[PDB]
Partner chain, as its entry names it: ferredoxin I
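There is one chain below, alone, in structure tokens, taken in the form solved without the partner chain.
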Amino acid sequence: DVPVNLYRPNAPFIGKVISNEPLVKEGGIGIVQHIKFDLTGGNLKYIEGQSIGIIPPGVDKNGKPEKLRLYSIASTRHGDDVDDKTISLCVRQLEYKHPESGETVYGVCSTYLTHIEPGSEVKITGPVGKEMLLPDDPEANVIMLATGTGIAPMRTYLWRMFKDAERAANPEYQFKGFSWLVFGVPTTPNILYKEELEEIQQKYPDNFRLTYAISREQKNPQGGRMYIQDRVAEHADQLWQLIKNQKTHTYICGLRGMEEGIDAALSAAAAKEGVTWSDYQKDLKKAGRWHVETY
């Protein structure tokens, strides 16, 4: 049974911020924060791949109360401390330049969160989501295609799979399959969780493969910016070789734009072997092995 909607927008849980820590190291673009909340007092229950709602303070350009924004849960069911006391979020600060006034414009909810203080209280809803759940099979192959903060569900998967204290805490799940993360960010300092993602890979080298698409330090073979789909095309045949296995699940989280190029890269690899990828993918979706969360 997957717990969904334990708290509803009509009556959110009031969490309290435990810590708000930076994820973009110096030299990096913008602000992405790891925010840990205290759950105790509601005992909000959740699993990996799900989202929560955050309702920020304030009203909009129309006088209306701000509605919730969804954020992917970045911690496992146990929280980062492995004690079932916390839930963590991975939040990029949304700011752009207004479309010809040119004034810096701030996103309401994300700017509230990335500047939120330890001890502050936040309205939390959920969890929601049943489409981004890991299979129970510990020998499953798990392809993880992520841009930016799309890393968030991938951290809940990879932590449950490979953190020492998670294995200790999950006797029913001792992962021994193969996981492959293709992770796209703009710079090397924008690789969220880089150190831990690389600890995992040296710790479990035959179980986790880690591939970077660093937008602004790497050009694809045709002189453009190196995106996730350029990595997919580069390893298109390796990927399609795993996707052909019925033990294999694919998770795509982040920009909706990564998709059509992922579909181009795999459609070519599929074609070489006589398969047409748009039908094959239609069947992977119906089977529930093609998991997509883009926003």
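Residue numbers count along the first chain shown, from 1.
For the pair 257-265 and 239-247, the mean B factor over Cα atoms is greater in 257-265. Stretches compared: 103-111, 220-228. Higher mean C-alpha B-factor in the entry: 220-228. Of the candidates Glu121, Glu172, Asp80, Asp137, the deposited coordinates give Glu172 the top C-alpha B factor. Within the selection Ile73, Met144, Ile116, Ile200, the deposited Cα B-factor values reach their highest point at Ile200.
Among all modelled residues in this chain, the alpha-carbon of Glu48 has a temperature factor (C-alpha) in the lowest third.
In the PDB entry, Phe208 places in the middle third of its chain by CA B-factor.
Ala152: CA B factor lies in the lowest third for its chain, per the PDB record. Residue-level temperature factors show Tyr193 in the middle third of its chain, judged at the C-alpha atom. For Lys64, the recorded CA B-factor ranks within the highest third of the chain. Only modelled residues enter the ranking.
One more form of this protein should be noted, the form solved in complex with the partner chain, which is absent from this view; the next part is about it.
Contact between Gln33 and the partner chain in the bound PDB entry is not found at the 4.5 Å heavy atom cutoff. In the bound PDB entry, the partner chain sits within 4.5 Å of a heavy atom belonging to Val128. Using a 4.5 Å cutoff between non-hydrogen atoms, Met226 does not count as a contact of the partner chain in the bound PDB entry. In the bound PDB entry, the partner chain stays beyond 4.5 Å of every heavy atom belonging to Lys16. Comparing 187-195, 102-110, 128-136, 157-165 against the partner chain in the bound PDB entry, the single stretch with non-hydrogen atoms within 4.5 angstroms of it is 128-136. Taking the partner from elsewhere, every residue among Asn5, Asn10 and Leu70 has a non-hydrogen atom within 4.5 angstroms of the partner chain in the bound PDB entry.
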